[PDB]
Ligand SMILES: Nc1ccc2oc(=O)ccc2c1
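Coming up is one lone chain in structure tokens, specifically the form deposited without the named molecule.
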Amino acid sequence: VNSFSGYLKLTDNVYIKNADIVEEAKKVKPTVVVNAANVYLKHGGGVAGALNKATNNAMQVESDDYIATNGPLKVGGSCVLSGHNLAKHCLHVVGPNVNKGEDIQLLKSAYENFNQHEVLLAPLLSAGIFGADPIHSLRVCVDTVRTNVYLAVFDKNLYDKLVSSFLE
């Protein structure tokens, strides 16, 4: 149904809300939810752990089966697997982990995976355990994504700083 409500429109195609991405997935019933994936699709932490727990581990079971046959993703890459109970599809997208020395330039590649989907529910890529500056990640999103992206930021403080920064 893609029933997004209460988003702030930043550009013609990028929207943002102070919300929990799992609660958004349940309310919105999106065609695609984006996962903040790692190359091995091990969803023990971060946004990935929240999405996987909300699927009662079905996302991890499917991901383990996928990797054993198909091999790992690349940093800046993506795969499309089931959305389970959250969405029709899950776009697993690997942003660079700058906490572990990966090149922040790969964030552009990472957001280019969104352009194969008309409308997405997504977290801010490379945030949290991935260690990137969130203000920078929002700029790369706005500059790179051409399809409609609905960004869920749960931390109110961070949401307020992102919005303030974007409106400067």
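Residue positions are given as counts along the sequence shown, with the first one as 1. Rigid core here is just the name for the largest C-alpha set that superposes within 1.5 Å across the two forms.
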Once everything is fitted on the core, do the CA positions of 118-126 or those of 99-107 lie farther from the shown form in 9 other deposited structures of this protein? 99-107
Hey, which bit's got the bigger mean C-alpha B factor in the entry, 18-26 or 156-164? 156-164
Give the stretch, out of 111-119 and 97-105, with the larger mean C-alpha temperature factor in the deposited entry. 97-105
Highest recorded C-alpha temperature factor, please, choosing from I135, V34, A68, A48. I135
Tell me, lowest, middle or highest third: where does the Cα B factor of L151 rank within its chain? lowest
Which third, lowest, middle or highest, does the C-alpha temperature factor of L124 belong to within its own chain? highest
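Note that the form solved in complex with the named molecule isn't included here; everything after this is about it.
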Given that the partner is absent here, does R146 sit within 4.5 Å of the named molecule in the entry with it bound, heavy atoms only? no
The named molecule in the entry with it bound - contacting residues of 1-30, heavy atom within 4.5 Å: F4, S5, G6, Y7, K9, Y15
